[PDB]
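One structure is given here, and the rest of the page talks about it.
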Amino acid sequence: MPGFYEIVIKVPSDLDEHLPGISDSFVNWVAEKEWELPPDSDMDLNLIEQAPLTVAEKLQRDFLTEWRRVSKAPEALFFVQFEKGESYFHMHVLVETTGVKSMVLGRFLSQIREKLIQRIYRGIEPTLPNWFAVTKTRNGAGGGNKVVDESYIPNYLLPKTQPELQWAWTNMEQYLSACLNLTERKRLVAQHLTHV
Amino acid sequence: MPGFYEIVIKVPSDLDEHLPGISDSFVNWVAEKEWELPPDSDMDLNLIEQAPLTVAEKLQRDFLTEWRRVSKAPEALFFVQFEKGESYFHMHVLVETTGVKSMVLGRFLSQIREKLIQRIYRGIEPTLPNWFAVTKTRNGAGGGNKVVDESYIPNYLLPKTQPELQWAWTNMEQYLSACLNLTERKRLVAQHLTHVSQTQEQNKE
DNA sequence: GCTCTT
Ligand SMILES: [Zn+2]
Ligand SMILES: [Zn+2]
């Protein structure tokens, strides 16, 4: 087992409510969003919101290249899932721990967060509460950076269904059919469940 | 023919000195500077400083789109020349007055300057003295926004030579070939000068 | 390196 850190990134969904003062250029960027599902996917595009998807997709892609830089380990396993949640759009990004010792993970993530604010919000701090948070272990004093097994993916992420499920990206060969396919997810979670 | 307003914009050239506290992302943006001269040009790249050029090019380009927005004149002629000057890099941006009455130019420029500080220096007020200045007329009570004739370009801008000359951009087809070509500049200024002095001499009856 | 955002 390699082990995964989980970072939850809230994705702004209301431009006035969440990105006060963003440029017109950003508005045009998200407003000209055309995403299509791949031919192998069985998801209803009609329940996938295009603007937050644009933002979340660039967010995760740039997060991952910055992670490869700071970890000195490209081809590092990852699984990112973008969801329409309780109150905010957010995505769970799971990255292999290799290359980043847990103690310094907080600081490296802060640096990545600042690069993202400069790159994809052009300097505007998003007004989302706790919008870029590594998930800790019992939220107590000091805490501890929780490390999840690969079994986190079938136990918690794959079972999500639309509209809560919005999108998903992955390095891992086990899950590339399952990212945008609901039936592949159902069969994979059932397989992991009976295998216990 | 319409005149030109001249705005002189100082371009920061020493990061910690002029943009104190700027993000590292800005540092990376300017340090990743590769500008190549077009093939028609006869300038020595080795005398063109790349980072201030990156800042200056974006500065003039965004000033120009903001100007077209403000003037409601999207085809307005311009001529921008970026130079390594007395003590700071700066650039003279000349824009056709059409679209902006002189009374309101001050405030429209104020707005453009704030937009530039926000979208380029990412909120950091540059510590350059008088860094965004419309040129006035005799500097007296109120001043008076000077309107320069197109002849300002050959009389004063084109004769510049490296390393003072750094870069140039133009709408005006009279000066396309001349922006980054020293010999075309020399020829154009020679043409203007002889034409003007000979037709002033012809004013002897 | 990126201020012309997959
Ligand atoms: Zn969730
Ligand atoms: Zn000068």
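Starting from 1 in every chain, residues are counted up; chains themselves are A, B, ... following the order of the structure tokens, and ligands are numbered from 1 as listed.
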task: Please identify every residue of chain B that has at least one atom no more than 10 Å from any atom of chain A, counting only C-alpha atoms, and report them as an NGL selection string.
output: :B and (23-26 or 118-123)
message: Give me, as a PyMOL selection string, the set of residues whose atoms come within 7 Å of any atom of ligand 2, counting only C-alpha atoms (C1' of nucleotides) and all ligand atoms.
response: chain B and resi 83+85-86
Take the residues from that selection and write them out as a PDB file, in the first residue's frame, keeping C-alpha atoms.
```pdb
ATOM      1  CA  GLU B  83      12.573  52.900 -23.717  1.00  0.00           C
ATOM      2  CA  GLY B  85      15.427  56.138 -19.944  1.00  0.00           C
ATOM      3  CA  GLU B  86      17.103  58.568 -17.552  1.00  0.00           C
TER       4      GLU B  86
END
```
- request: Can you check which residues of chain A DSSP gives as strand (DSSP E or B) on the backbone and send them as a ChimeraX atom specification?
  value: /A:4-11,78-84,89-96,132-134,136,145,147-148,165-170
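In terms of minimum interatomic distance to residue 61 (chain A), A:171 ranks closest within A:183, A:28, A:191, A:171, counting only C-alpha atoms.
With only C-alpha atoms (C1' of nucleotides) and all ligand atoms counted, the chains near ligand 1 contribute these residues within 10 Å: residues 8, 81, 82, 83, 84, 85, 86, 89, 90, 91, 92, 156, 157, 160, 164 and 165 of chain A.
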- request: Can you check which residues of chain A have any atom within 9 Å of chain C? Use only C-alpha atoms (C1' of nucleotides) and format it as number ranges by chain.
  value: A: 26, 29, 54-55, 57-58, 119-122
- prompt: Taking only C-alpha atoms (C1' of nucleotides) into account, which residues of chain B are within 6 Å of chain C, as a PyMOL selection string?
  reply: chain B and resi 28-29+32+120
- prompt: Got a sec: who's within 10 Å of residue 126 (chain A), counting only C-alpha atoms (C1' of nucleotides), leaving out chain neighbours fewer than 3 positions off, as a PyMOL selection string?
  reply: chain A and resi 10-12+15+17-22+117+121+123+129+131
Prev. selection, C-alpha atoms, output as a PDB file, in the first residue's frame:
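Here's the written file result_21.pdb:
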```pdb
ATOM      1  CA  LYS A  10     -14.375  23.855  -2.443  1.00  0.00           C
ATOM      2  CA  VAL A  11     -15.129  25.107  -5.956  1.00  0.00           C
ATOM      3  CA  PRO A  12     -16.891  28.484  -6.298  1.00  0.00           C
ATOM      4  CA  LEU A  15     -19.631  34.307  -9.063  1.00  0.00           C
ATOM      5  CA  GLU A  17     -21.364  35.116  -3.780  1.00  0.00           C
ATOM      6  CA  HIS A  18     -17.982  33.362  -3.976  1.00  0.00           C
ATOM      7  CA  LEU A  19     -15.652  35.402  -6.230  1.00  0.00           C
ATOM      8  CA  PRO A  20     -16.513  39.060  -5.532  1.00  0.00           C
ATOM      9  CA  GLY A  21     -14.469  41.224  -7.859  1.00  0.00           C
ATOM     10  CA  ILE A  22     -13.422  38.598 -10.396  1.00  0.00           C
ATOM     11  CA  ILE A 117      -5.060  31.768  -6.040  1.00  0.00           C
ATOM     12  CA  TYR A 121      -8.382  33.400  -9.554  1.00  0.00           C
ATOM     13  CA  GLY A 123      -5.201  37.190  -7.173  1.00  0.00           C
ATOM     14  CA  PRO A 129     -15.126  28.998   4.150  1.00  0.00           C
ATOM     15  CA  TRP A 131     -12.110  25.989   0.922  1.00  0.00           C
TER      16      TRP A 131
END
```
field: Residue contacts of residue 186 (chain B) (10 Å, only C-alpha atoms (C1' of nucleotides)) excluding same-chain residues fewer than 3 positions away, as an MDAnalysis selection string
entry: chainID B and resid 154 158:161 178 181:183 189:191
- request: One decimal, Å: what's the distance from CA of residue 146 (chain A) over to CA of residue 53 (chain A), could you say?
  value: 26.9 Å
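From CA of residue 52 (chain B) back to CA of residue 8 (chain B), the distance works out to 15.1 Å.
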